[PDB]
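Novice: Quick one, work.json (JSON, C-alpha atoms):
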```json
[["chain", "number", "residue", "atom", "x", "y", "z"],
["E", 1, "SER", "CA", 5.14, 37.55, -66.90],
["E", 2, "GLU", "CA", 2.38, 35.43, -65.42],
["E", 3, "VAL", "CA", 1.09, 35.85, -61.88],
["E", 4, "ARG", "CA", -1.01, 33.02, -60.48],
["E", 5, "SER", "CA", -2.75, 32.84, -57.14],
["E", 6, "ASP", "CA", -4.78, 29.97, -55.73],
["E", 7, "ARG", "CA", -5.89, 28.85, -52.27],
["E", 8, "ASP", "CA", -2.56, 27.06, -51.77],
["E", 9, "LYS", "CA", 0.06, 29.44, -53.15],
["E", 10, "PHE", "CA", 1.09, 32.64, -54.92],
["E", 11, "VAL", "CA", 3.44, 32.30, -57.90],
["E", 12, "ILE", "CA", 5.13, 34.84, -60.18],
["E", 13, "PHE", "CA", 6.67, 33.60, -63.43],
["E", 14, "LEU", "CA", 8.86, 36.18, -65.20],
["E", 15, "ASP", "CA", 10.83, 35.69, -68.42],
["E", 16, "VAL", "CA", 14.30, 37.11, -67.78],
["E", 17, "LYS", "CA", 16.16, 35.27, -70.54],
["E", 18, "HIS", "CA", 18.69, 38.07, -71.13],
["E", 19, "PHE", "CA", 19.80, 38.07, -67.49],
["E", 20, "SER", "CA", 22.25, 35.97, -65.48],
["E", 21, "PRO", "CA", 21.39, 34.91, -61.93],
["E", 22, "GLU", "CA", 23.97, 37.39, -60.59],
["E", 23, "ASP", "CA", 22.18, 40.20, -62.44],
["E", 24, "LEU", "CA", 18.98, 39.77, -60.46],
["E", 25, "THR", "CA", 17.78, 40.93, -57.06],
["E", 26, "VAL", "CA", 14.55, 40.07, -55.31],
["E", 27, "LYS", "CA", 13.32, 41.88, -52.22],
["E", 28, "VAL", "CA", 10.08, 41.89, -50.26],
["E", 29, "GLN", "CA", 9.16, 45.19, -48.64],
["E", 30, "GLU", "CA", 5.89, 46.80, -47.53],
["E", 31, "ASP", "CA", 3.80, 44.00, -49.05],
["E", 32, "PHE", "CA", 5.44, 44.28, -52.47],
["E", 33, "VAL", "CA", 7.82, 41.95, -54.28],
["E", 34, "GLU", "CA", 10.55, 44.07, -55.91],
["E", 35, "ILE", "CA", 12.47, 42.41, -58.72],
["E", 36, "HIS", "CA", 15.39, 44.10, -60.46],
["E", 37, "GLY", "CA", 17.73, 43.06, -63.23],
["E", 38, "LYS", "CA", 20.66, 44.71, -64.98],
["E", 39, "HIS", "CA", 22.92, 43.05, -67.51],
["E", 40, "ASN", "CA", 25.79, 44.70, -69.34],
["E", 41, "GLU", "CA", 27.45, 43.27, -72.42],
["E", 42, "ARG", "CA", 30.50, 44.39, -74.40],
["E", 43, "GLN", "CA", 29.96, 44.68, -78.17],
["E", 44, "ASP", "CA", 32.26, 44.72, -81.18],
["E", 45, "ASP", "CA", 33.96, 48.05, -81.87],
["E", 46, "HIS", "CA", 34.04, 49.09, -78.20],
["E", 47, "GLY", "CA", 30.29, 49.44, -77.96],
["E", 48, "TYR", "CA", 28.25, 48.07, -75.09],
["E", 49, "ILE", "CA", 24.64, 47.31, -74.29],
["E", 50, "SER", "CA", 22.87, 47.53, -70.95],
["E", 51, "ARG", "CA", 19.50, 45.85, -70.43],
["E", 52, "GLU", "CA", 17.66, 46.71, -67.23],
["E", 53, "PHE", "CA", 14.23, 46.30, -65.66],
["E", 54, "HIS", "CA", 12.25, 46.65, -62.51],
["E", 55, "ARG", "CA", 9.04, 44.84, -61.66],
["E", 56, "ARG", "CA", 7.01, 45.57, -58.54],
["E", 57, "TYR", "CA", 4.20, 43.12, -57.67],
["E", 58, "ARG", "CA", 1.68, 43.27, -54.83],
["E", 59, "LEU", "CA", 2.03, 40.31, -52.46],
["E", 60, "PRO", "CA", -1.27, 38.96, -51.09],
["E", 61, "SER", "CA", -1.62, 39.50, -47.34],
["E", 62, "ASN", "CA", -2.01, 35.77, -46.68],
["E", 63, "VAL", "CA", 1.26, 34.68, -48.27],
["E", 64, "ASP", "CA", 3.74, 33.36, -45.70],
["E", 65, "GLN", "CA", 6.66, 35.77, -45.99],
["E", 66, "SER", "CA", 8.83, 33.38, -43.97],
["E", 67, "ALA", "CA", 8.52, 30.68, -46.65],
["E", 68, "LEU", "CA", 9.28, 32.55, -49.86],
["E", 69, "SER", "CA", 11.40, 30.98, -52.58],
["E", 70, "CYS", "CA", 12.80, 32.12, -55.89],
["E", 71, "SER", "CA", 14.71, 30.33, -58.62],
["E", 72, "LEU", "CA", 15.87, 30.87, -62.19],
["E", 73, "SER", "CA", 15.48, 28.09, -64.72],
["E", 74, "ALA", "CA", 18.09, 27.24, -67.36],
["E", 75, "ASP", "CA", 15.78, 28.66, -70.04],
["E", 76, "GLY", "CA", 15.59, 32.01, -68.28],
["E", 77, "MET", "CA", 12.32, 31.83, -66.37],
["E", 78, "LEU", "CA", 12.25, 33.35, -62.90],
["E", 79, "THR", "CA", 9.80, 31.71, -60.48],
["E", 80, "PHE", "CA", 8.95, 33.42, -57.21],
["E", 81, "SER", "CA", 6.50, 31.67, -54.90],
["E", 82, "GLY", "CA", 5.08, 31.46, -51.43],
["E", 83, "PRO", "CA", 2.50, 29.26, -49.74],
["E", 84, "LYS", "CA", -0.65, 30.75, -48.32],
["E", 85, "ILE", "CA", -1.35, 30.46, -44.61],
["E", 86, "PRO", "CA", -4.76, 28.94, -43.78],
["E", 87, "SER", "CA", -7.00, 31.41, -41.94],
["E", 88, "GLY", "CA", -9.44, 28.83, -40.61],
["E", 89, "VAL", "CA", -12.37, 29.99, -42.75],
["E", 90, "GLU", "CA", -15.85, 25.62, -53.84],
["E", 91, "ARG", "CA", -12.60, 23.64, -53.83],
["E", 92, "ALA", "CA", -10.90, 22.41, -56.99],
["E", 93, "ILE", "CA", -10.05, 18.71, -57.08],
["E", 94, "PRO", "CA", -7.19, 17.71, -59.39],
["E", 95, "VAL", "CA", -8.02, 15.29, -62.21],
["E", 96, "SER", "CA", -5.14, 12.89, -62.86],
["E", 97, "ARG", "CA", -4.68, 11.58, -66.40],
["O", 1, "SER", "CA", 19.77, 47.13, -83.94],
["O", 2, "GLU", "CA", 21.42, 47.57, -87.31],
["O", 3, "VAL", "CA", 24.45, 49.78, -87.88],
["O", 4, "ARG", "CA", 25.27, 50.67, -91.47],
["O", 5, "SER", "CA", 28.20, 52.66, -92.77],
["O", 6, "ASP", "CA", 28.96, 53.60, -96.36],
["O", 7, "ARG", "CA", 31.06, 56.23, -98.11],
["O", 8, "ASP", "CA", 28.21, 58.74, -97.80],
["O", 9, "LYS", "CA", 26.83, 58.24, -94.30],
["O", 10, "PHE", "CA", 26.71, 56.43, -90.96],
["O", 11, "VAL", "CA", 23.32, 55.17, -89.77],
["O", 12, "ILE", "CA", 22.15, 53.43, -86.59],
["O", 13, "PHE", "CA", 18.72, 51.80, -86.59],
["O", 14, "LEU", "CA", 17.51, 50.72, -83.13],
["O", 15, "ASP", "CA", 14.17, 49.12, -82.26],
["O", 16, "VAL", "CA", 12.86, 50.97, -79.21],
["O", 17, "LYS", "CA", 9.18, 50.06, -79.56],
["O", 18, "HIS", "CA", 8.50, 50.06, -75.80],
["O", 19, "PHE", "CA", 9.75, 53.64, -75.41],
["O", 20, "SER", "CA", 8.17, 57.05, -75.93],
["O", 21, "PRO", "CA", 10.19, 59.87, -77.49],
["O", 22, "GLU", "CA", 10.38, 61.59, -74.09],
["O", 23, "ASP", "CA", 11.94, 58.45, -72.62],
["O", 24, "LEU", "CA", 15.00, 58.65, -74.85],
["O", 25, "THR", "CA", 18.24, 60.59, -74.75],
["O", 26, "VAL", "CA", 20.99, 60.71, -77.35],
["O", 27, "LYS", "CA", 24.40, 62.21, -76.70],
["O", 28, "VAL", "CA", 27.68, 62.26, -78.58],
["O", 29, "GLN", "CA", 30.80, 62.30, -76.44],
["O", 30, "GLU", "CA", 34.41, 61.21, -76.96],
["O", 31, "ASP", "CA", 33.63, 59.66, -80.35],
["O", 32, "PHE", "CA", 30.77, 57.54, -79.02],
["O", 33, "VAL", "CA", 27.03, 57.80, -79.54],
["O", 34, "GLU", "CA", 25.31, 57.21, -76.18],
["O", 35, "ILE", "CA", 21.66, 56.24, -76.34],
["O", 36, "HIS", "CA", 19.54, 55.77, -73.22],
["O", 37, "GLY", "CA", 15.92, 54.88, -72.64],
["O", 38, "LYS", "CA", 13.78, 54.41, -69.55],
["O", 39, "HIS", "CA", 10.05, 53.84, -69.54],
["O", 40, "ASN", "CA", 7.89, 53.28, -66.47],
["O", 41, "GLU", "CA", 4.38, 51.89, -66.58],
["O", 42, "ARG", "CA", 1.77, 51.43, -63.85],
["O", 43, "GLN", "CA", 0.20, 47.96, -63.68],
["O", 44, "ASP", "CA", -2.99, 46.56, -62.21],
["O", 45, "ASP", "CA", -2.91, 45.94, -58.46],
["O", 46, "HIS", "CA", -0.43, 48.76, -57.76],
["O", 47, "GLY", "CA", 2.41, 47.04, -59.55],
["O", 48, "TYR", "CA", 4.71, 48.80, -61.98],
["O", 49, "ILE", "CA", 7.22, 47.90, -64.65],
["O", 50, "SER", "CA", 10.37, 49.77, -65.63],
["O", 51, "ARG", "CA", 12.12, 49.01, -68.92],
["O", 52, "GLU", "CA", 15.55, 50.55, -69.40],
["O", 53, "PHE", "CA", 18.54, 50.30, -71.72],
["O", 54, "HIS", "CA", 21.79, 51.86, -72.70],
["O", 55, "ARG", "CA", 23.55, 51.48, -76.02],
["O", 56, "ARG", "CA", 27.00, 52.90, -76.71],
["O", 57, "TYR", "CA", 28.19, 52.90, -80.36],
["O", 58, "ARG", "CA", 31.54, 54.00, -81.79],
["O", 59, "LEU", "CA", 31.17, 56.92, -84.20],
["O", 60, "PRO", "CA", 33.50, 56.81, -87.21],
["O", 61, "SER", "CA", 36.05, 59.62, -87.18],
["O", 62, "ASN", "CA", 34.87, 60.96, -90.54],
["O", 63, "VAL", "CA", 31.24, 61.52, -89.56],
["O", 64, "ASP", "CA", 30.34, 65.21, -89.45],
["O", 65, "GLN", "CA", 29.37, 65.76, -85.82],
["O", 66, "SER", "CA", 27.84, 69.12, -86.74],
["O", 67, "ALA", "CA", 25.26, 67.45, -89.00],
["O", 68, "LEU", "CA", 23.90, 64.65, -86.84],
["O", 69, "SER", "CA", 20.19, 63.83, -86.82],
["O", 70, "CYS", "CA", 17.98, 61.46, -84.90],
["O", 71, "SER", "CA", 14.31, 60.58, -85.18],
["O", 72, "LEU", "CA", 11.83, 58.03, -83.88],
["O", 73, "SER", "CA", 9.34, 56.46, -86.26],
["O", 74, "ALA", "CA", 5.71, 55.75, -85.38],
["O", 75, "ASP", "CA", 6.49, 52.02, -85.31],
["O", 76, "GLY", "CA", 9.22, 52.52, -82.72],
["O", 77, "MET", "CA", 12.40, 52.57, -84.79],
["O", 78, "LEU", "CA", 15.10, 55.03, -83.76],
["O", 79, "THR", "CA", 17.29, 56.28, -86.61],
["O", 80, "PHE", "CA", 20.50, 58.14, -85.86],
["O", 81, "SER", "CA", 22.58, 59.33, -88.79],
["O", 82, "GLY", "CA", 25.35, 61.59, -89.96],
["O", 83, "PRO", "CA", 26.96, 62.31, -93.30],
["O", 84, "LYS", "CA", 30.60, 61.57, -93.88],
["O", 85, "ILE", "CA", 32.98, 64.40, -94.73],
["O", 86, "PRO", "CA", 35.01, 63.83, -97.92],
["O", 87, "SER", "CA", 38.74, 63.62, -97.20],
["O", 88, "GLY", "CA", 39.87, 64.22, -100.78],
["O", 89, "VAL", "CA", 41.24, 60.71, -101.29],
["O", 90, "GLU", "CA", 35.39, 50.92, -106.18],
["O", 91, "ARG", "CA", 32.22, 53.02, -106.05],
["O", 92, "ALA", "CA", 28.73, 51.54, -105.95],
["O", 93, "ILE", "CA", 26.31, 52.85, -108.56],
["O", 94, "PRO", "CA", 22.60, 52.58, -107.68],
["O", 95, "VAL", "CA", 20.44, 50.46, -109.99],
["O", 96, "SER", "CA", 16.96, 51.95, -110.37],
["O", 97, "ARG", "CA", 14.07, 49.57, -111.00]]
```
Give the structure from this file in structure tokens form.

Specialist:
Amino acid sequence: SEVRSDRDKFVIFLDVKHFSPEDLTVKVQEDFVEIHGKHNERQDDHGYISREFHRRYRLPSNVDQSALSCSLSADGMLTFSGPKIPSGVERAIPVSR
Amino acid sequence: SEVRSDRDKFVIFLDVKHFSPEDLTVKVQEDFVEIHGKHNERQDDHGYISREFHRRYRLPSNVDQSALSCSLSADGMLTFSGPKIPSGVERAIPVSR
């Protein structure tokens, strides 16, 4: 987990390496991002393992909830992001190298 | 997880370091050991995290189900064990050093 928020955007990075994309759900409700995962795996000798989590995050009030995106990388990182809407009211300048 | 089984006993070791003793349940049913854990934690900014698992293990038919024990170590290791009942039918000899 890393949650980053700047003037331009809000981003959640969440390591979910033990989960398949179909195991995950992401919902936004009442100004919270709600992320759930559940993965079940058969073991040797008729055992099984279930891994499960929930993560609730507060969503800043200026994130555009009509422009949210979420993706899962091949290496198991979930990225959830949204741009911030300008309200009309120091500014970092990128240094290229 | 490590599951060990010798002529004397059956032992499950399971790392549950993110769980409190009150978060865990252990049940034996239909020749399976069923271990569950769920731990919820409040975060900063009104977030929360839930961690949850299930682990089902087959219990050997010769384990004495009247003499099962389970404990959680300070460092978060769960040990579940039972002795085997002698049936009446090579044998390792310990080497002390």

Novice: I'd like the contact shell of segment 77-88 of chain O - 6 Å cut-off, all atoms listed in the file, skipping same-chain residues fewer than 4 positions apart - returned as a PyMOL selection string.

Specialist: chain O and resi 8-16+62-64+67-73

Novice: When you get a sec, could you note down which chain O residues fall within 10 Å of chain E, using all atoms listed in the file, as a ChimeraX atom specification?

Specialist: /O:32-59

Novice: Quick one: distance from atom CA of residue 91 of chain O to atom CA of residue 5 of chain O in Å, one decimal?

Specialist: 13.9 Å

Novice: My list of candidates is E:74, E:6, E:31, E:66. Which is closest to residue 18 of chain E when distances are computed with all atoms listed in the file?

Specialist: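 Checking each candidate against residue 18 of chain E, we get E:74 as the closest.
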
Novice: So how many Å separate atom CA of residue 76 of chain O and atom CA of residue 20 of chain O, to one decimal?

Specialist: 8.2 Å

Novice: Just to confirm, what's the straight-line distance from atom CA of residue 93 of chain E to atom CA of residue 4 of chain E in Å (one decimal)?

Specialist: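 Rounded to one decimal, the two atoms are 17.3 Å apart.
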
Novice: Produce the centre coordinates and the three edge lengths, each in Å to one decimal, of the box along x, y and z that contains all listed atoms of segment 78-92 of chain O with 8 Å added on each side, as lines of an AutoDock Vina configuration file.

Specialist:
```
center_x = 28.2
center_y = 57.7
center_z = -95.0
size_x = 42.1
size_y = 29.5
size_z = 38.4
```
